[PDB]
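# Summary of the model geometry
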Amino acid sequence: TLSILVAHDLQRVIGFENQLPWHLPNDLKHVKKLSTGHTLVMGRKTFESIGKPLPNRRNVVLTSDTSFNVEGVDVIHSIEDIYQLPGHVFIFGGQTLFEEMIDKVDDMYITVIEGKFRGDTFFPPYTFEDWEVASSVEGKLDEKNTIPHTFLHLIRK
Ligand SMILES: NC(=O)c1ccc[n+]([C@@H]2O[C@H](COP(=O)([O-])OP(=O)(O)OC[C@H]3O[C@@H](n4cnc5c(N)ncnc54)[C@H](OP(=O)(O)O)[C@@H]3O)[C@@H](O)[C@H]2O)c1
Ligand SMILES: CC(=O)c1cccc(-c2cc3nc(N)nc(N)c3cc2C)c1
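Residues numbered from 1 in each chain as written, not as in the entry; some residues may be left out. Chains lettered and ligands numbered in written order. Heavy atoms only, no water.

## Re the site of ligand 2
Ligand 2 sits among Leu5, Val6, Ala7, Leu20, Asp27, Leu28, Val31, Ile50, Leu54, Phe92 and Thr111. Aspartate 27 places a polar side-chain atom, nitrogen or oxygen, 2.6 Å from a nitrogen atom of ligand 2. Against a free-state accessible area of 490 Å², the protein chains account for coverage of 76% of ligand 2. Looking at the shell around ligand 2, the elements with two or more residues in it are β1 (2-9) and α1 (25-35). (Near = heavy atom within 4 Å. Polar contact = N/O pair within 3.5 Å; in protein donor to acceptor, adjacent residues only side chain to side chain. Areas by Shrake-Rupley, 256 points an atom, 1.4 Å probe, with all protein chains shown as cover. Helix = DSSP H or I, 4+ residues; strand = E, 2+ residues; numbered from the N terminus.)

## Some points on the UniProt feature "domain: DHFR" in the protein
The sites that carry the UniProt feature "domain: DHFR" are, in the present numbering, residues 1-156. With 16% helix and 35% strand, the stretch residues 1-156 has end C-alpha atoms that lie 12 Å from each other. (UniProt positions renumbered as here; feature names shortened; annotations may be inferred.)

## Regarding the pairing of strand β3 (residues 39-43)
The buried fraction of β3 amounts to five of the five residues, a majority that puts the element mostly inside the structure. Neither face of β3 is left uncovered, since the one carrying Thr39, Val41 and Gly43 and the one carrying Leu40 and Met42 both have all their residues buried. Inspection of the sheet shows β3 paired to strand β4 (residues 58-62) by five bridges, in the parallel sense. In the strand pairing of β4, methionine 42 is matched with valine 61. Crossover handedness for the path β3 to helix α2 (residues 44-50) to β4: right-handed. Note: β3 against strand β6 (residues 89-93), four bridges, orientation parallel. (Buried < 20%, exposed > 50% of the residue type's maximum accessible area, 1.4 Å probe, protein only. Pairing = 2+ DSSP bridges. Right-handed = clockwise from strand over helix to strand, strands pointing away.)

Spelled out as structure tokens, the structure:
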């Protein structure tokens, strides 16, 4: 299975100045639950933003930099390499990876952040004409999670 994993706001903002624009611990728990024991593929900027691989999954970084050889990370240099990765592979960002992969993936796990943030990077437009809502789950709000959000699993029709 090849899936997208993304959090985007009401206007599809995903990032600002190489960080996520919001603080939402519940989304990180969601990412942990979905991708633990599987594979994340991410662009170089996304990797540099987190600074080290996420524990307990295969971390794969797509970059043209042939000097990239980082402990605990596998490197790939072509989109085509993604198709050779075994098991459940999640396309993890950022904007450039999402744009390159949205027409190729089987499904998408989207956290819709129900607010409008300042962004400099975006998820590409998509239409529910093309995507079946396999599930839609409102996230719970509390002291540590104060922005409304919804977890959508979309499957290509
Ligand atoms: N909200 C979310 O779900 C989410 C998730 C992830 C990231 N983000 C945000 O997304 C933003 C970063 O997105 P971005 O588009 O600027 O960067 P990115 O997608 O993370 O990384 C872009 C880099 O990936 C490499 N790359 C992409 N396609 C390639 C290809 N076909 N061949 C070789 N290398 C390729 C290139 O690295 P080289 O230049 O080294 O060749 C390119 O400069 C940040 O703000 C981050 O916080 C948001
Ligand atoms: C430290 C850590 O796990 C962390 C910190 C800030 C942001 C993110 C982060 C959260 C994310 N959430 C979702 N739904 N999807 C992604 N593709 C994603 C990607 C990254 C990089 C992760």
